[PDB]
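Engineer:
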Amino acid sequence: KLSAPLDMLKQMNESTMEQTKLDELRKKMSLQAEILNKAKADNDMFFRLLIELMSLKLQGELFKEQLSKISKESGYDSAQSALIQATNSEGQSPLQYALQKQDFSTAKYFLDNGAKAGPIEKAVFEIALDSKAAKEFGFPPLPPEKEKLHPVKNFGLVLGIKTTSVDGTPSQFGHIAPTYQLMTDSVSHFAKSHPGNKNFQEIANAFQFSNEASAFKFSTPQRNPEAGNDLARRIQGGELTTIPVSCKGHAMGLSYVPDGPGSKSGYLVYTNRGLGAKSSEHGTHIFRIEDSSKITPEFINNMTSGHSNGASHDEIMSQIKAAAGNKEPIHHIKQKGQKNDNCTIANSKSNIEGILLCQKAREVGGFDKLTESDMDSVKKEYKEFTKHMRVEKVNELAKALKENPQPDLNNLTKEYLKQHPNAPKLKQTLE
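Laid out in structure tokens, this is it:
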């Protein structure tokens, strides 16, 4: 009980593996399952039975026995073989699901039964460690050197690279502080390059205002009740306002587009292209607000603290819908799904395309008045913002690959030239 925090930290470290070695482990054990030829594995049944066991809140010896039972029920020859191979429909391993749910007891039982911690599982752990549930479990605050965005996350979350560093850092999971800073700086930079774009000077005032009022450290907002009084106040005044929004282990997108200054009506733009959304729903949903005043300081505070306070995906969504008046959205911008990422850049960024669309509907006098010429205008504006990100990241990469010609080398070669044939690419001179 007093030894569990340190014990579990040690076990994550003992069970750490590199992605390829864990993939060999999975392959090895899938070959092993063909020798016994038993019931083929059924992952969806394993997780169904898994999520039911965890709610019983049983203790170790009990849990290991039921874990074995439901493993064998699901076509796995052992609990260890389930924990190593099973993934759910969102692509989570059981360890990674336990940690994302901030369920540290069940995560340690998984560790006691052979679950392995690959990079993903460790980068979900690290997001999970900055939360109240982690504090009540006995975990310390996170080391302060984990506060700079790793080069592998900086270039990978923007360009689309899905690699890993030599130190084991994934390119795919990020804290809300460094990634919100980077979305904010990347919008001010675009506004400053296009100073007649009246849309993006307002988008930049919203991002600058909310990055300053939220005051995120790692993934916890620091100025806790005030940030919501301050964001609600800017919405009641009729200004564009991004609301940082999250739940346990996952970042969404949320902003408010006013009809105009002093006006009390407008639009709520929600974005989720990852965990929590049913595929058909991937992208951005626009709700018409006729009484902004359901967007309360308490709603705003709950949004910004969802991950920290342990809020589930469904708890946050119920709130976003009641602040929109329990009405259905009036539009859905279908956007690409994103798995194995908390979507700290992806859901922020795609939300901007629904801002543009609200600023175009606003200036046209409503969504029912948009022409198809307006949609292509919106998509061109958006795609011009994104192409500005990609170019400035590539130019950042090439230049940096060269203030140091020895992870940066992988970052360029890997995915950007190996999963992106669609693109003026810059070389890697050898020294």
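Residue numbers (the authors' numbering): 19 to 424, 426 to 442, 444 to 451. C-beta atoms are modelled at their ideal positions from N, C-alpha and C, and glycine is treated no differently.
1. Assuming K357 and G192 form a contact by the criterion Cβ under 8 Å, report the distance between their Cβ atoms to the nearest whole angstrom.
2. Quick check on DSSP: helix, strand or coil for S111?
3. Mapping DSSP to helix, strand and coil, what is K352?
4. By how many angstroms is the C-alpha of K417 removed from the C-alpha of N172?
5. Rounded to whole angstroms, how far is the Cβ of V263 from the Cβ of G324, which I believe are closer than 8 Å?
6. So, at 6 Å on beta carbons, what are the nonlocal neighbours of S336 in its own chain, with the 5 sequence-adjacent residues on each side left out?
7. Rounded to the nearest angstrom, what separates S204 and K398 at their Cα positions?
8. If contact is defined by three or more beta carbon pairs under 8 Å, each pair taking one atom from either stretch, is the region 351 to 370 in contact with the region 316 to 323?
9. Identify whether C376 lies in helix, strand or coil by the three-state DSSP scheme.
10. Between the alpha carbons of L113 and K150, how many angstroms are there, rounded?
11. What's the C-alpha gap between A152 and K411?
12. According to the neighbour-count rule (16 or more other Cβ atoms, all chains shown, within 10 Å of its Cβ), is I69 buried or exposed?
13. Helix, strand or coil for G174 per DSSP?
14. Is the region 432 to 440 touching the region 176 to 183 in the sense that three or more CB pairs, one from each, lie closer than 8 Å?
15. Could you name the residues of the same chain whose beta carbon sits closer than 7 Å to that of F208, not counting the 5 residues immediately before and after it, in chain order?
16. Hey, which unbroken runs of the alpha helix (DSSP H) at 4 residues or more fall wholly within the region 235 to 300?
17. Taking DSSP as the reference, what is the three-state secondary structure of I313?
18. Cutting at 6 Å between CB atoms, please list the residues of its own chain near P315, excluding the five before and the five after it.
Structural biologist: Judging by the given coordinates:
1. Mapped onto the sequence shown, residue 357 falls at position 339. Mapped onto the sequence shown, residue 192 falls at position 174. Going by Cβ atoms, the distance from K357 to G192 rounds to 15 Å, so no, they are not a contact pair.
2. On the sequence shown, position 93 is the one that residue 111 refers to. If DSSP states are grouped into helix, strand and coil, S111 belongs with coil.
3. For this step, residue 352 is matched to residue 334 along the sequence shown. Looking at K352 - three-state DSSP - the assignment turns out to be strand.
4. As a working note, residue 172 is residue 154 in the sequence shown. As a working note, residue 417 is residue 399 in the sequence shown. Approximately 14 Å, taken between the alpha carbons.
5. Within the sequence shown, residue 263 is the residue found at index 245, counting from 1. Within the sequence shown, residue 324 is the residue found at index 306, counting from 1. Rounded, the Cβ-Cβ distance is 7 Å, consistent with contact.
6. As a position in the sequence shown, residue 336 is number 318, starting the count at 1. Cβ neighbours of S336 beyond the five flanking positions: none.
7. The count along the sequence shown starts at 1 and reaches residue 204 at position 186. The count along the sequence shown starts at 1 and reaches residue 398 at position 380. Roughly 18 Å between the two C-alpha positions.
8. no
9. Start at 1 with the first residue of the sequence shown, and residue 376 comes out as number 358. Helix.
10. Locating residue 113 in the sequence shown gives position 95, where the first residue counts as 1. Locating residue 150 in the sequence shown gives position 132, where the first residue counts as 1. Approximately 19 Å, taken between the alpha carbons.
11. Translated into the one-based positions of the sequence shown, residue 152 becomes position 134. Translated into the one-based positions of the sequence shown, residue 411 becomes position 393. Distance between the alpha carbons of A152 and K411 is about 34 Å.
12. Residue numbering aside, residue 69 sits at position 51 when the sequence shown is read from its first letter. The residue is exposed, with fewer than 16 neighbouring Cβ atoms inside 10 Å.
13. Working through the sequence shown from its first residue, we reach residue 174 at position 156. Of the three classes helix, strand and coil, the one that applies to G174 here is helix, per DSSP.
14. yes
15. Taking the sequence shown and counting its residues from 1, the one referred to as residue 208 is at position 190. Excluding residues within five positions, the ones whose Cβ falls inside 7 Å are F218, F403 and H406.
16. 244 to 254
17. For the purposes of this step, residue 313 is taken as residue 295 along the sequence shown, with counting starting at 1. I313: coil per DSSP, three-state reduction.
18. Here residue 315 refers to the residue found at position 297 of the sequence shown. Around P315: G246, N247 and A250.
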